[PDB]
$ cat run-v3.pdb   # PDB, C-alpha atoms
ATOM      1  CA  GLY Q   1     120.507 100.459  81.315  1.00  0.00           C
ATOM      2  CA  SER Q   2     120.246  97.888  84.098  1.00  0.00           C
ATOM      3  CA  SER Q   3     123.025  95.470  83.152  1.00  0.00           C
ATOM      4  CA  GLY Q   4     123.163  91.862  84.312  1.00  0.00           C
ATOM      5  CA  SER Q   5     120.353  89.422  85.063  1.00  0.00           C
ATOM      6  CA  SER Q   6     118.173  89.182  88.172  1.00  0.00           C
ATOM      7  CA  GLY Q   7     117.162  85.879  89.734  1.00  0.00           C
ATOM      8  CA  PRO Q   8     119.974  83.310  89.437  1.00  0.00           C
ATOM      9  CA  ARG Q   9     117.457  80.735  90.657  1.00  0.00           C
ATOM     10  CA  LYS Q  10     116.700  79.590  87.108  1.00  0.00           C
ATOM     11  CA  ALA Q  11     119.156  77.462  85.132  1.00  0.00           C
ATOM     12  CA  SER Q  12     122.642  78.318  86.392  1.00  0.00           C
ATOM     13  CA  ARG Q  13     123.894  80.785  83.781  1.00  0.00           C
ATOM     14  CA  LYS Q  14     125.011  84.003  85.475  1.00  0.00           C
ATOM     15  CA  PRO Q  15     127.139  84.348  88.640  1.00  0.00           C
ATOM     16  CA  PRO Q  16     125.732  85.396  92.040  1.00  0.00           C
ATOM     17  CA  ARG Q  17     127.829  88.565  91.888  1.00  0.00           C
ATOM     18  CA  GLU Q  18     124.705  90.431  90.778  1.00  0.00           C
ATOM     19  CA  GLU Q  19     121.867  89.556  93.155  1.00  0.00           C
ATOM     20  CA  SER Q  20     119.109  91.979  94.149  1.00  0.00           C
ATOM     21  CA  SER Q  21     116.014  91.309  96.257  1.00  0.00           C
ATOM     22  CA  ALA Q  22     113.306  93.246  98.095  1.00  0.00           C
ATOM     23  CA  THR Q  23     112.402  91.933 101.547  1.00  0.00           C
ATOM     24  CA  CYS Q  24     109.543  93.222 103.697  1.00  0.00           C
ATOM     25  CA  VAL Q  25     108.684  92.997 107.395  1.00  0.00           C
ATOM     26  CA  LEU Q  26     105.145  91.924 108.285  1.00  0.00           C
ATOM     27  CA  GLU Q  27     103.853  92.665 111.784  1.00  0.00           C
ATOM     28  CA  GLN Q  28     100.470  92.333 113.494  1.00  0.00           C
ATOM     29  CA  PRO Q  29      98.965  93.313 116.873  1.00  0.00           C
ATOM     30  CA  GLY Q  30      98.556  90.575 119.465  1.00  0.00           C
ATOM     31  CA  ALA Q  31      97.814  89.879 123.121  1.00  0.00           C
ATOM     32  CA  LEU Q  32     101.408  90.569 124.157  1.00  0.00           C
ATOM     33  CA  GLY Q  33     101.668  93.548 121.827  1.00  0.00           C
ATOM     34  CA  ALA Q  34     102.872  92.847 118.297  1.00  0.00           C
ATOM     35  CA  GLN Q  35     104.607  89.911 116.612  1.00  0.00           C
ATOM     36  CA  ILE Q  36     106.281  89.695 113.205  1.00  0.00           C
ATOM     37  CA  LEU Q  37     106.363  86.906 110.618  1.00  0.00           C
ATOM     38  CA  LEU Q  38     109.336  84.737 109.655  1.00  0.00           C
ATOM     39  CA  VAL Q  39     109.554  82.274 106.764  1.00  0.00           C
ATOM     40  CA  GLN Q  40     112.211  79.645 106.069  1.00  0.00           C
ATOM     41  CA  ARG Q  41     113.666  78.626 102.705  1.00  0.00           C
ATOM     42  CA  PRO Q  42     113.602  74.979 101.547  1.00  0.00           C
ATOM     43  CA  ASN Q  43     117.175  75.350 100.297  1.00  0.00           C
ATOM     44  CA  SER Q  44     119.716  72.980 101.846  1.00  0.00           C
ATOM     45  CA  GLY Q  45     123.384  73.548 102.621  1.00  0.00           C
ATOM     46  CA  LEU Q  46     125.342  76.788 102.903  1.00  0.00           C
ATOM     47  CA  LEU Q  47     123.158  79.677 104.065  1.00  0.00           C
ATOM     48  CA  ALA Q  48     120.338  77.275 103.202  1.00  0.00           C
ATOM     49  CA  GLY Q  49     117.385  76.228 105.338  1.00  0.00           C
ATOM     50  CA  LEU Q  50     117.405  79.320 107.541  1.00  0.00           C
ATOM     51  CA  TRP Q  51     114.690  81.537 109.017  1.00  0.00           C
ATOM     52  CA  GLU Q  52     114.158  85.053 107.668  1.00  0.00           C
ATOM     53  CA  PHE Q  53     111.462  87.518 106.606  1.00  0.00           C
ATOM     54  CA  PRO Q  54     109.803  86.926 103.208  1.00  0.00           C
ATOM     55  CA  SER Q  55     111.177  88.725 100.150  1.00  0.00           C
ATOM     56  CA  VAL Q  56     110.781  88.913  96.371  1.00  0.00           C
ATOM     57  CA  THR Q  57     112.861  89.573  93.256  1.00  0.00           C
ATOM     58  CA  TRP Q  58     114.225  93.077  92.689  1.00  0.00           C
ATOM     59  CA  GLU Q  59     112.180  95.463  90.547  1.00  0.00           C
ATOM     60  CA  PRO Q  60     113.390  98.530  88.600  1.00  0.00           C
ATOM     61  CA  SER Q  61     110.090 100.359  89.080  1.00  0.00           C
ATOM     62  CA  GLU Q  62     109.258 101.659  92.557  1.00  0.00           C
ATOM     63  CA  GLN Q  63     105.797 100.240  91.865  1.00  0.00           C
ATOM     64  CA  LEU Q  64     106.658  96.833  90.407  1.00  0.00           C
ATOM     65  CA  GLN Q  65     108.747  96.171  93.516  1.00  0.00           C
ATOM     66  CA  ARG Q  66     105.990  96.917  96.029  1.00  0.00           C
ATOM     67  CA  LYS Q  67     103.406  95.146  93.870  1.00  0.00           C
ATOM     68  CA  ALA Q  68     105.238  91.820  93.639  1.00  0.00           C
ATOM     69  CA  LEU Q  69     106.716  92.380  97.099  1.00  0.00           C
ATOM     70  CA  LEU Q  70     103.212  91.959  98.517  1.00  0.00           C
ATOM     71  CA  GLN Q  71     102.202  89.067  96.263  1.00  0.00           C
ATOM     72  CA  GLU Q  72     104.727  86.867  98.067  1.00  0.00           C
ATOM     73  CA  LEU Q  73     103.715  88.038 101.542  1.00  0.00           C
ATOM     74  CA  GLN Q  74     100.101  87.156 100.754  1.00  0.00           C
ATOM     75  CA  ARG Q  75     101.201  83.622  99.884  1.00  0.00           C
ATOM     76  CA  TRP Q  76     102.145  83.262 103.550  1.00  0.00           C
ATOM     77  CA  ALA Q  77      99.709  85.380 105.561  1.00  0.00           C
ATOM     78  CA  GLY Q  78      97.112  86.468 103.021  1.00  0.00           C
ATOM     79  CA  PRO Q  79      95.431  89.894 103.190  1.00  0.00           C
ATOM     80  CA  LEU Q  80      98.166  92.510 102.807  1.00  0.00           C
ATOM     81  CA  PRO Q  81      97.695  96.300 102.570  1.00  0.00           C
ATOM     82  CA  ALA Q  82      99.255  98.614  99.985  1.00  0.00           C
ATOM     83  CA  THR Q  83      99.401 102.169 101.330  1.00  0.00           C
ATOM     84  CA  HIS Q  84     100.751 100.830 104.625  1.00  0.00           C
ATOM     85  CA  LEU Q  85     103.814  99.701 102.672  1.00  0.00           C
ATOM     86  CA  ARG Q  86     106.772 102.088 102.830  1.00  0.00           C
ATOM     87  CA  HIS Q  87     110.459 101.782 101.945  1.00  0.00           C
ATOM     88  CA  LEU Q  88     112.707 102.253 104.977  1.00  0.00           C
ATOM     89  CA  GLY Q  89     116.393 102.441 104.102  1.00  0.00           C
ATOM     90  CA  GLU Q  90     118.271  99.574 102.471  1.00  0.00           C
ATOM     91  CA  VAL Q  91     120.725  96.766 103.219  1.00  0.00           C
ATOM     92  CA  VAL Q  92     123.658  95.960 100.935  1.00  0.00           C
ATOM     93  CA  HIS Q  93     126.107  93.305 102.126  1.00  0.00           C
ATOM     94  CA  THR Q  94     129.405  92.868 100.282  1.00  0.00           C
ATOM     95  CA  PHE Q  95     130.655  89.277 100.222  1.00  0.00           C
ATOM     96  CA  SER Q  96     134.092  87.963  99.260  1.00  0.00           C
ATOM     97  CA  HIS Q  97     133.494  88.058  95.504  1.00  0.00           C
ATOM     98  CA  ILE Q  98     129.760  88.783  95.451  1.00  0.00           C
ATOM     99  CA  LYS Q  99     127.428  91.751  95.911  1.00  0.00           C
ATOM    100  CA  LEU Q 100     123.911  91.523  97.348  1.00  0.00           C
ATOM    101  CA  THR Q 101     121.316  94.302  97.414  1.00  0.00           C
ATOM    102  CA  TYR Q 102     118.428  93.887  99.853  1.00  0.00           C
ATOM    103  CA  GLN Q 103     115.631  96.461  99.985  1.00  0.00           C
ATOM    104  CA  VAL Q 104     114.277  97.033 103.492  1.00  0.00           C
ATOM    105  CA  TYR Q 105     110.484  97.291 103.562  1.00  0.00           C
ATOM    106  CA  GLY Q 106     108.119  97.826 106.476  1.00  0.00           C
ATOM    107  CA  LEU Q 107     104.500  96.694 106.665  1.00  0.00           C
ATOM    108  CA  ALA Q 108     102.302  96.531 109.764  1.00  0.00           C
ATOM    109  CA  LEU Q 109      98.557  96.324 110.402  1.00  0.00           C
ATOM    110  CA  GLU Q 110      97.475  99.402 112.356  1.00  0.00           C
ATOM    111  CA  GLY Q 111      94.094  97.934 113.248  1.00  0.00           C
ATOM    112  CA  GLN Q 112      93.026  95.773 110.316  1.00  0.00           C
ATOM    113  CA  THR Q 113      91.849  92.159 110.483  1.00  0.00           C
ATOM    114  CA  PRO Q 114      94.396  89.483 111.477  1.00  0.00           C
ATOM    115  CA  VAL Q 115      95.463  86.466 109.420  1.00  0.00           C
ATOM    116  CA  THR Q 116      95.035  83.622 111.908  1.00  0.00           C
ATOM    117  CA  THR Q 117      96.512  81.494 109.124  1.00  0.00           C
ATOM    118  CA  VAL Q 118      99.956  80.338 107.997  1.00  0.00           C
ATOM    119  CA  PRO Q 119     101.509  77.428 106.058  1.00  0.00           C
ATOM    120  CA  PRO Q 120     103.986  74.879 107.478  1.00  0.00           C
ATOM    121  CA  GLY Q 121     106.732  76.962 105.897  1.00  0.00           C
ATOM    122  CA  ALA Q 122     106.054  80.140 107.856  1.00  0.00           C
ATOM    123  CA  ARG Q 123     106.121  80.842 111.594  1.00  0.00           C
ATOM    124  CA  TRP Q 124     104.787  83.822 113.545  1.00  0.00           C
ATOM    125  CA  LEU Q 125     107.287  84.970 116.173  1.00  0.00           C
ATOM    126  CA  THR Q 126     107.772  88.127 118.237  1.00  0.00           C
ATOM    127  CA  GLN Q 127     110.419  90.837 117.901  1.00  0.00           C
ATOM    128  CA  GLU Q 128     112.571  89.360 120.667  1.00  0.00           C
ATOM    129  CA  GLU Q 129     111.987  85.888 119.230  1.00  0.00           C
ATOM    130  CA  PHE Q 130     113.312  86.849 115.796  1.00  0.00           C
ATOM    131  CA  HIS Q 131     116.710  88.012 117.054  1.00  0.00           C
ATOM    132  CA  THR Q 132     117.385  84.736 118.867  1.00  0.00           C
ATOM    133  CA  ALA Q 133     116.225  83.101 115.636  1.00  0.00           C
ATOM    134  CA  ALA Q 134     118.899  81.887 113.218  1.00  0.00           C
ATOM    135  CA  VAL Q 135     118.938  84.678 110.634  1.00  0.00           C
ATOM    136  CA  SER Q 136     121.600  85.631 108.091  1.00  0.00           C
ATOM    137  CA  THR Q 137     123.407  88.914 108.734  1.00  0.00           C
ATOM    138  CA  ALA Q 138     121.814  90.465 105.648  1.00  0.00           C
ATOM    139  CA  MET Q 139     118.349  89.883 107.100  1.00  0.00           C
ATOM    140  CA  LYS Q 140     119.382  90.719 110.665  1.00  0.00           C
ATOM    141  CA  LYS Q 141     120.344  94.075 109.152  1.00  0.00           C
ATOM    142  CA  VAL Q 142     116.983  94.635 107.461  1.00  0.00           C
ATOM    143  CA  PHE Q 143     115.236  94.377 110.828  1.00  0.00           C
ATOM    144  CA  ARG Q 144     117.188  97.039 112.717  1.00  0.00           C
ATOM    145  CA  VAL Q 145     116.475  99.227 109.689  1.00  0.00           C
ATOM    146  CA  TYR Q 146     112.740  98.517 109.633  1.00  0.00           C
ATOM    147  CA  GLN Q 147     112.572  99.325 113.345  1.00  0.00           C
ATOM    148  CA  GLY Q 148     113.581 102.891 112.547  1.00  0.00           C
ATOM    149  CA  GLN Q 149     110.276 104.290 111.314  1.00  0.00           C
ATOM    150  CA  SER Q 150     108.013 102.307 113.642  1.00  0.00           C
ATOM    151  CA  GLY Q 151     106.261 103.384 116.828  1.00  0.00           C
ATOM    152  CA  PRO Q 152     103.036 102.819 118.795  1.00  0.00           C
ATOM    153  CA  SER Q 153     102.491 106.565 119.161  1.00  0.00           C
ATOM    154  CA  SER Q 154      99.394 107.926 117.423  1.00  0.00           C
ATOM    155  CA  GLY Q 155      99.437 108.360 113.656  1.00  0.00           C
TER
END

$ encode --input "run-v3.pdb" --output "structure tokens"
Amino acid sequence: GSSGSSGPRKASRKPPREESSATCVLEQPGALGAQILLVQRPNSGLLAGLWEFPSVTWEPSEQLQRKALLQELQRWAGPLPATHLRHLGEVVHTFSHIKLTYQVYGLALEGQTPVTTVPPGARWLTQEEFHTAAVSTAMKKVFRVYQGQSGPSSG
């Protein structure tokens, strides 16, 4: 009985109070070692026009979420795996009179083919580059979480 509506983007009807989204972290091997991807929103104003990992609307089904979750990612990079995707914890930030629910997702290319492609709305930075990057707390929290289950060690 999921009450409330998801995706206040459309015609302003429901309050932001109920806002859920599923963000994922895309990483790929490089000369240095491994760099992640960071996209910026066209929005302008408060918490608008900032850099942060790509995300998609919230899905009730553990499958629908991952499915669409990738769709977006592809829009930026392109070829995105499926099995490599795995949910790693979550990030829920409580605002003054609002409640946001971000789903932390990790996705890295063990040894698959690179993307060597990206639109003018997405930039490929490193792990140390992201931090210094202007990112909203919410997002900054998703990273530390994604780092958890992630290591170079064999697999």

$ resolve_selection --input "run-v3.pdb" --expression "the PyMOL selection byres ((chain Q and resi 34-38) around 12)" --output "MDAnalysis selection string"
chainID Q and resid 23:33 39:41 50:55 73:74 76:78 106:111 114:131 133:135 139:140 143 146:147 150:152

$ resolve_selection --input "run-v3.pdb" --expression "the PyMOL selection byres ((chain Q and resi 91-93) around 12)" --output "VMD selection string"
chain Q and resid 17 to 24 87 to 90 94 to 105 136 to 146

$ write_last_selection --input "run-v3.pdb" --atoms "C-alpha atoms" --output "mmCIF file, in the frame of the given file"
data_model
loop_
_atom_site.group_PDB
_atom_site.id
_atom_site.type_symbol
_atom_site.label_atom_id
_atom_site.label_comp_id
_atom_site.auth_asym_id
_atom_site.auth_seq_id
_atom_site.Cartn_x
_atom_site.Cartn_y
_atom_site.Cartn_z
ATOM 1 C CA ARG Q 17 127.829 88.565 91.888
ATOM 2 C CA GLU Q 18 124.705 90.431 90.778
ATOM 3 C CA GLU Q 19 121.867 89.556 93.155
ATOM 4 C CA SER Q 20 119.109 91.979 94.149
ATOM 5 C CA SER Q 21 116.014 91.309 96.257
ATOM 6 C CA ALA Q 22 113.306 93.246 98.095
ATOM 7 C CA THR Q 23 112.402 91.933 101.547
ATOM 8 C CA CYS Q 24 109.543 93.222 103.697
ATOM 9 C CA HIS Q 87 110.459 101.782 101.945
ATOM 10 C CA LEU Q 88 112.707 102.253 104.977
ATOM 11 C CA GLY Q 89 116.393 102.441 104.102
ATOM 12 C CA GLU Q 90 118.271 99.574 102.471
ATOM 13 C CA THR Q 94 129.405 92.868 100.282
ATOM 14 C CA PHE Q 95 130.655 89.277 100.222
ATOM 15 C CA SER Q 96 134.092 87.963 99.260
ATOM 16 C CA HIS Q 97 133.494 88.058 95.504
ATOM 17 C CA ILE Q 98 129.760 88.783 95.451
ATOM 18 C CA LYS Q 99 127.428 91.751 95.911
ATOM 19 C CA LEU Q 100 123.911 91.523 97.348
ATOM 20 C CA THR Q 101 121.316 94.302 97.414
ATOM 21 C CA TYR Q 102 118.428 93.887 99.853
ATOM 22 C CA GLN Q 103 115.631 96.461 99.985
ATOM 23 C CA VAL Q 104 114.277 97.033 103.492
ATOM 24 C CA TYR Q 105 110.484 97.291 103.562
ATOM 25 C CA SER Q 136 121.600 85.631 108.091
ATOM 26 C CA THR Q 137 123.407 88.914 108.734
ATOM 27 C CA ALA Q 138 121.814 90.465 105.648
ATOM 28 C CA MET Q 139 118.349 89.883 107.100
ATOM 29 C CA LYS Q 140 119.382 90.719 110.665
ATOM 30 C CA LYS Q 141 120.344 94.075 109.152
ATOM 31 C CA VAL Q 142 116.983 94.635 107.461
ATOM 32 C CA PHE Q 143 115.236 94.377 110.828
ATOM 33 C CA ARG Q 144 117.188 97.039 112.717
ATOM 34 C CA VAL Q 145 116.475 99.227 109.689
ATOM 35 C CA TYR Q 146 112.740 98.517 109.633
#

$ closest_residue --input "run-v3.pdb" --among "Q:6, Q:149, Q:81, Q:112" --to "residue Q:58" --atoms "only C-alpha atoms"
Q:6

$ atom_distance --input "run-v3.pdb" --atom1 "atom CA of residue Q:82" --atom2 "atom CA of residue Q:61"
15.5 Å

$ atom_distance --input "run-v3.pdb" --atom1 "atom CA of residue Q:84" --atom2 "atom CA of residue Q:113"
13.7 Å

$ axis_aligned_box --input "run-v3.pdb" --around "stretch 102-109 of chain Q" --padding-each-side "4 Å" --output "lines of an AutoDock Vina configuration file"
center_x = 108.5
center_y = 95.9
center_z = 105.1
size_x = 27.9
size_y = 11.9
size_z = 18.5

$ atom_distance --input "run-v3.pdb" --atom1 "atom CA of residue Q:3" --atom2 "atom CA of residue Q:63"
19.9 Å

$ residues_around --input "run-v3.pdb" --residues "residue Q:83" --least-positions-apart "3" --cutoff "10 Å" --atoms "only C-alpha atoms" --output "list in words"
residues 66, 80, 86 and 107 of chain Q

$ decode --input "run-v3.pdb" --residues "stretch 77-104 of chain Q" --atoms "N, CA and C atoms" --output "JSON list (two decimals), in the first residue's frame"
[["chain", "number", "residue", "atom", "x", "y", "z"],
["Q", 77, "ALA", "N", 27.01, 7.06, -19.97],
["Q", 77, "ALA", "CA", 28.11, 6.24, -20.46],
["Q", 77, "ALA", "C", 27.67, 5.42, -21.67],
["Q", 78, "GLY", "N", 26.83, 4.42, -21.44],
["Q", 78, "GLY", "CA", 26.35, 3.57, -22.51],
["Q", 78, "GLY", "C", 26.15, 2.13, -22.08],
["Q", 79, "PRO", "N", 27.13, 1.27, -22.39],
["Q", 79, "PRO", "CA", 27.08, -0.15, -22.04],
["Q", 79, "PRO", "C", 27.22, -0.38, -20.53],
["Q", 80, "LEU", "N", 26.12, -0.78, -19.90],
["Q", 80, "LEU", "CA", 26.12, -1.03, -18.46],
["Q", 80, "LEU", "C", 25.70, -2.47, -18.17],
["Q", 81, "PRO", "N", 26.44, -3.13, -17.27],
["Q", 81, "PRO", "CA", 26.16, -4.51, -16.87],
["Q", 81, "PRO", "C", 24.88, -4.63, -16.05],
["Q", 82, "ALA", "N", 24.56, -5.86, -15.65],
["Q", 82, "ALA", "CA", 23.36, -6.11, -14.86],
["Q", 82, "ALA", "C", 23.70, -6.86, -13.57],
["Q", 83, "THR", "N", 24.38, -8.00, -13.72],
["Q", 83, "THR", "CA", 24.76, -8.81, -12.58],
["Q", 83, "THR", "C", 25.75, -8.07, -11.68],
["Q", 84, "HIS", "N", 26.56, -7.21, -12.29],
["Q", 84, "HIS", "CA", 27.55, -6.44, -11.54],
["Q", 84, "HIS", "C", 26.87, -5.48, -10.58],
["Q", 85, "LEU", "N", 25.61, -5.17, -10.85],
["Q", 85, "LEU", "CA", 24.84, -4.26, -10.00],
["Q", 85, "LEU", "C", 24.46, -4.93, -8.69],
["Q", 86, "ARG", "N", 24.67, -4.22, -7.58],
["Q", 86, "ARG", "CA", 24.34, -4.74, -6.26],
["Q", 86, "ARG", "C", 24.03, -3.61, -5.29],
["Q", 87, "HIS", "N", 22.95, -3.77, -4.53],
["Q", 87, "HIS", "CA", 22.54, -2.76, -3.56],
["Q", 87, "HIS", "C", 23.45, -2.78, -2.34],
["Q", 88, "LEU", "N", 24.02, -1.62, -2.02],
["Q", 88, "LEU", "CA", 24.92, -1.51, -0.87],
["Q", 88, "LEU", "C", 24.42, -0.44, 0.10],
["Q", 89, "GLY", "N", 23.67, -0.87, 1.11],
["Q", 89, "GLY", "CA", 23.15, 0.06, 2.09],
["Q", 89, "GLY", "C", 22.21, 1.09, 1.48],
["Q", 90, "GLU", "N", 21.87, 2.11, 2.26],
["Q", 90, "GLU", "CA", 20.98, 3.16, 1.79],
["Q", 90, "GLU", "C", 21.33, 4.50, 2.43],
["Q", 91, "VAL", "N", 20.72, 5.57, 1.93],
["Q", 91, "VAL", "CA", 20.97, 6.91, 2.46],
["Q", 91, "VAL", "C", 19.68, 7.71, 2.55],
["Q", 92, "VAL", "N", 19.21, 7.94, 3.77],
["Q", 92, "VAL", "CA", 17.99, 8.70, 4.00],
["Q", 92, "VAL", "C", 18.26, 9.95, 4.81],
["Q", 93, "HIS", "N", 18.17, 11.11, 4.16],
["Q", 93, "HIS", "CA", 18.41, 12.38, 4.83],
["Q", 93, "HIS", "C", 17.09, 13.05, 5.20],
["Q", 94, "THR", "N", 16.98, 13.47, 6.46],
["Q", 94, "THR", "CA", 15.78, 14.12, 6.95],
["Q", 94, "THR", "C", 15.94, 15.63, 6.98],
["Q", 95, "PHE", "N", 15.19, 16.32, 6.12],
["Q", 95, "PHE", "CA", 15.26, 17.78, 6.05],
["Q", 95, "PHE", "C", 14.34, 18.42, 7.09],
["Q", 96, "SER", "N", 14.24, 19.74, 7.05],
["Q", 96, "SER", "CA", 13.41, 20.47, 7.99],
["Q", 96, "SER", "C", 12.00, 19.89, 8.03],
["Q", 97, "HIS", "N", 11.29, 19.98, 6.91],
["Q", 97, "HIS", "CA", 9.93, 19.46, 6.82],
["Q", 97, "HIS", "C", 9.78, 18.54, 5.61],
["Q", 98, "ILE", "N", 10.87, 17.85, 5.26],
["Q", 98, "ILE", "CA", 10.85, 16.94, 4.12],
["Q", 98, "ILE", "C", 11.62, 15.66, 4.44],
["Q", 99, "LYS", "N", 11.34, 14.60, 3.68],
["Q", 99, "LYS", "CA", 12.01, 13.32, 3.88],
["Q", 99, "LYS", "C", 12.44, 12.72, 2.54],
["Q", 100, "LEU", "N", 13.74, 12.54, 2.37],
["Q", 100, "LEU", "CA", 14.28, 11.97, 1.14],
["Q", 100, "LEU", "C", 14.82, 10.57, 1.38],
["Q", 101, "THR", "N", 14.64, 9.69, 0.40],
["Q", 101, "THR", "CA", 15.11, 8.32, 0.50],
["Q", 101, "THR", "C", 15.95, 7.93, -0.71],
["Q", 102, "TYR", "N", 17.27, 7.95, -0.54],
["Q", 102, "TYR", "CA", 18.18, 7.61, -1.62],
["Q", 102, "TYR", "C", 18.70, 6.18, -1.46],
["Q", 103, "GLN", "N", 18.65, 5.42, -2.55],
["Q", 103, "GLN", "CA", 19.12, 4.03, -2.53],
["Q", 103, "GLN", "C", 20.53, 3.93, -3.10],
["Q", 104, "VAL", "N", 21.49, 3.59, -2.24],
["Q", 104, "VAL", "CA", 22.88, 3.45, -2.65],
["Q", 104, "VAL", "C", 23.07, 2.22, -3.53]]
